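Have a look at the structure below, then the notes.
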Amino acid sequence: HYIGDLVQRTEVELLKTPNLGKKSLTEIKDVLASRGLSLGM
Amino acid sequence: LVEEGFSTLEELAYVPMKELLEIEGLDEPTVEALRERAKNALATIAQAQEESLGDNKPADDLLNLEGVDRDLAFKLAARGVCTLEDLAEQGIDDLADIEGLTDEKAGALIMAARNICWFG
């Protein structure tokens, strides 16, 4: 629900989620990077 | 070719070279080229059908993901998911309408396909 929940998940965990493609993972990284955040903090 | 009795691409591909060389105006280079084209046409036709349904191309590529039966591979290929890469690129939502595929089973197959394509 929150950005703080998303930032704790690893890239390998997000790829296990249902309806989660490589394209949507790249979108999430690019958007988090635009805000100075990274996956796995 | 039809007047000389050839009706199929198989006849042209496999008939003895002597019978094709008896046709007026065929030389050995042209007969070899005609046979190579006939063999290439047959290969293309076979590959196309095997990718459209689940005969061989999708029965090996799309069916690489552990769990894919031949019926499911043909259902995937009917949606344009012909290869193990095409399946690795899908979401669960893109496969949700396939009769006999639960969201959990779709998720497991996509993850198996990704493990082979992206982490093998």
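Chains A2 and NA, in that order, give the protein sequences. According to the authors' numbering, the stretch in the first sequence is residues 276 to 316, in order. According to the authors' numbering, the stretch in the second sequence is residues 373 to 492, in order. Beta carbons: idealized from backbone N, C-alpha and C, even for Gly.
Below-7 Å beta-carbon distance, residue i vs any chain NA residue
i: residue 381 (chain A2); result: Residue 381 (chain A2) cannot be examined here, being either before or after the span of chain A2 that is shown, 276 to 316.
Proximity of residue i and residue j at Cβ, strictly below 7 Å
i: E438 (chain NA); j: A484 (chain NA); result: yes
i: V282 (chain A2); j: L312 (chain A2); result: yes
i: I464 (chain NA); j: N294 (chain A2); result: yes
i: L459 (chain NA); j: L434 (chain NA); result: yes
i: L414 (chain NA); j: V403 (chain NA); result: no
i: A385 (chain NA); j: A410 (chain NA); result: yes
i: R442 (chain NA); j: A450 (chain NA); result: no
i: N436 (chain NA); j: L456 (chain NA); result: yes
i: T285 (chain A2); j: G315 (chain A2); result: yes
Interface flag, residue i vs chain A2, CB-CB below 7 Å
i: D465 (chain NA); result: yes
i: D469 (chain NA); result: no
Assigned exposure category for residue i - 16 Cβ within 10 Å defines buried
i: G472 (chain NA); result: exposed
i: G479 (chain NA); result: buried
i: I482 (chain NA); result: buried
Legend entry - Cβ-based contacts, 9 Å cut-off: residues of the region 283-313 of chain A2 near chain NA: Listed by position along the chain: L290, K291, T292, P293, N294, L295, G296, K297, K298 and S299.
Legend entry - Interfacial residues, the region 387-408 of chain NA to chain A2, with Cβ spacing under 9 Å: Under the 9 Å Cβ criterion, the region 387-408 of chain NA contributes no residue.
Legend entry - Interface residues of the region 477-489 of chain NA facing chain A2 [CB-CB below 8 Å]: Cβ contacts with chain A2: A478, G479, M483 and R486.
Inset, instruction - Select from the region 447-465 of chain NA all residues with a C-beta closer than 8 Å to any C-beta belonging to chain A2, and list them in chain order. - result: Listed by position, the residues of the region 447-465 of chain NA near chain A2 (Cβ gap below 8 Å) are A460, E461, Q462, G463, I464 and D465.
Legend entry - Short-range partners of chain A2 found in the region 411-445 of chain NA, where Cβ spacing is below 7 Å: Taking 7 Å as the Cβ-Cβ cut-off against chain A2, none of the residues of the region 411-445 of chain NA qualify.
Legend entry - Entirely enclosed alpha helix (DSSP H) segments - the region 429-466 of chain NA, minimum 4 residues: Listed in chain order, the complete alpha helix (DSSP H) runs (minimum 4 residues) inside the region 429-466 of chain NA are 442-450 and 456-460.
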